[PDB]
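Structural overview
Given next are the chains, with one letter for each unit.
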Amino acid sequence: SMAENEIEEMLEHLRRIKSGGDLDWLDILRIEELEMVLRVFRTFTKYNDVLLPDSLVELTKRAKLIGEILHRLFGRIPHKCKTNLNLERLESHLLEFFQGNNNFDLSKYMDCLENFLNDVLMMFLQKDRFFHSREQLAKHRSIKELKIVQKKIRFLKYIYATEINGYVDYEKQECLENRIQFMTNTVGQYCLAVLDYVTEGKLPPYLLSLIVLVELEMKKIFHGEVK
């Protein structure tokens, strides 16, 4: 819960800087982009304990990615206020946090999926001021799929609510847990790619298939009751 404190206090500082003080519209637009970045990374730090890759050599390049992202991001803040704020301290804290690596918290995984879908949607439906060739409807198919995936997650969180909250009474369903963990990791790296993309990224996910497979496994395992 360390990086969450620093993120929330940087958000409060940015709120104070916005609430009162002469700053050009453009400067507070950069500030808004920065606090969006910070909310994304806040979700990441909140649910990083469940983002478990299999080979930490993948963690090597994930840390590389997060590092160069965080460094490219701390570039367009006004030199006016970037001196006044401890951004480099926050960056160091976050880099240190993101190299930290039989009960399954299946409420945390659904919450991570919900939060990450909300974040990907929020970052998509922000930047589409930068409009491009009218084949951009591809994006709108993507959005559509996401809006279904998102909704489907809510569906899965309603029907199996008592089974989710209280999954510790049930035993290991390696199929279900492996599918959920794979989708969680996929959504994490997807949110990271979207954050890089919406922010002049140096460098398709097939999430509906995964959420459908999770839904079917859940129906199989949770409707095999006496109810």
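Residues numbered from 1 in each chain as written, not as in the entry; some residues may be left out. Heavy atoms only, no water.

Its PDB header names X-ray crystallography as the technique used to obtain the model and reports a resolution of 2.89 Å.

1. Examining the side chain of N48
The test is simple: Note on conventions: DSSP H or I runs of at least 4 residues are helices, E runs of at least 2 residues are strands, and numbering of each starts at the N terminus. We define a polar contact as two N or O atoms separated by no more than 3.5 Å, with the added condition that, inside protein, one atom must be a possible hydrogen donor and the other a possible acceptor, whereas residues neighbouring each other in sequence contribute only through side-chain atom pairs.
Here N48 is to be found in the loop between α2 (25-46) and α3 (56-73). At a separation of 3.1 Å, a polar atom in the side chain of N48 contacts the side chain of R62.

2. Quick look at the packing of aromatic side chains
Definition in use: Classification of ring pairs uses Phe, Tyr and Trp, with its six-membered ring standing for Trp, and accepts pairs whose centres are within 6.5 Å; under 30 degrees between planes counts as stacked, over 60 as edge-to-face, and the remaining range as tilted. Only protein chains enter the accessibility calculation, which uses a 1.4 Å probe; a residue whose area is less than 20% of its type maximum is buried, one above 50% is exposed, and one in between is partly exposed. Over a ring means this: the NZ of a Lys or the CZ of an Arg is within 6 Å of the ring centre and within 35 degrees of the ring normal.
The tally for this structure, following the rule as stated, stands at eight aromatic pairs. Centroid distance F97 to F98: 5.8 Å. Interplanar angle 55°. Geometry classified as tilted. Relative to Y170, the ring of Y167 lies with its centre 6.2 Å away and its plane at 20°, an arrangement referred to as stacked. The exposure class of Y167 is buried, given its relative accessible area of 4%. In textbook terms, an aromatic cluster arises when at least three aromatic residues are bridged by ring pairs, as seen for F104, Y109, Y160, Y167, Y170 and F222. The aromatic ring of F98 is capped on one face by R62, whose charged end is 5.6 Å from the ring centroid.

3. A look at the domain arrangement of the protein chain
The condition is simple: An automatic or database domain assignment supplies the residue ranges for each domain. The contact criterion used is simple: two residues touch if any of their non-hydrogen atoms lie within 4.5 Å. Summed over both partners, buried area is the accessible surface (1.4 Å probe) that two parts give up on being assembled. Any carboxyl oxygen of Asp or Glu within 4 Å of a side-chain nitrogen of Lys or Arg constitutes a salt bridge here. The classification used treats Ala, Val, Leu, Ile, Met, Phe, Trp, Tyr, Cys and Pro as nonpolar, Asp, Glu, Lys and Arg as charged, and all other residues, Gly among them, as polar.
Under the domain assignment used here, the protein chain contains domain 1 (1-101) and domain 2 (102-227). Using only C-alpha atoms to locate each centre, domain 1 and domain 2 end up separated by 23 Å. Of the residues lining the interface, 22 residues belong to domain 1; the matching set on domain 2 comes to 25 residues. Of the roughly 2,100 Å² buried between domain 1 and domain 2, counting both surfaces, carbon and sulfur atoms make up 67%. On inspection of domain 1 and its partner domain 2, the count reaches three salt bridges. Here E33 and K127 are joined by a salt bridge, their closest N and O atoms 2.5 Å apart. Where domain 1 meets domain 2, there are seven residue pairs in polar contact. The biggest single contributor to the side of domain 1 that touches domain 2 is α2, with nine residues. Residue classes in the side of domain 1 that touches domain 2 are distributed as 14 nonpolar, one polar and seven charged.

4. Some thoughts on empty space enclosed by the protein
Keep this limit in mind: Here a cavity is any set of points on a 1 Å grid over the protein atoms alone where a 1.4 Å probe fits but cannot get out, and a pocket is any open set with protein on both sides within 12 Å along at least 5 of 7 lines; a residue lines the site when it has an atom within 4 Å of a point. Grid points are joined across faces, edges and corners, and a volume is the space filled by probe spheres set on the points.
What the largest cavity holds in volume is close to 90 Å³. In terms of lining, the largest cavity is formed by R30, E33, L34, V37, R72, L73, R76, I77 and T199. Counting only elements with at least two residues in the lining of the largest cavity, the list comes to α2 and α3. When residues of the lining of the largest cavity are assigned to their parent elements, the largest contribution, four residues, is made by α2.

5. Structural notes on the environment of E4
Note that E4 resides in helix α1 (residues 2-18). Each C-alpha atom, one on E4 and one on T43, is 8.8 Å from the other, the two residues being 39 residues apart in sequence.

6. Let's talk about the pattern of salt bridges
As enumerated under the stated definition, the model contains 14 salt bridges in all. Residue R42 is joined to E8 by a salt bridge in which the shortest nitrogen-to-oxygen separation is 3.4 Å. A residue pair is termed long-range when its members are at least 10 positions apart, and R42 in helix α2 and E8 in helix α1 qualify at 34 residues. Residue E8 is classed as partly exposed on the basis of its relative accessible area, which comes to 28%. The residue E217 makes a salt bridge to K220 at a minimum N-O spacing of 3.6 Å. Of this pair, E217 and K220 both sit in helix α10 (residues 207-222), three residues apart, which is roughly one turn of that helix. For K220, a relative accessible area of 58% translates into the label exposed. The network of salt bridges with shared partners includes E33, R76 and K127.

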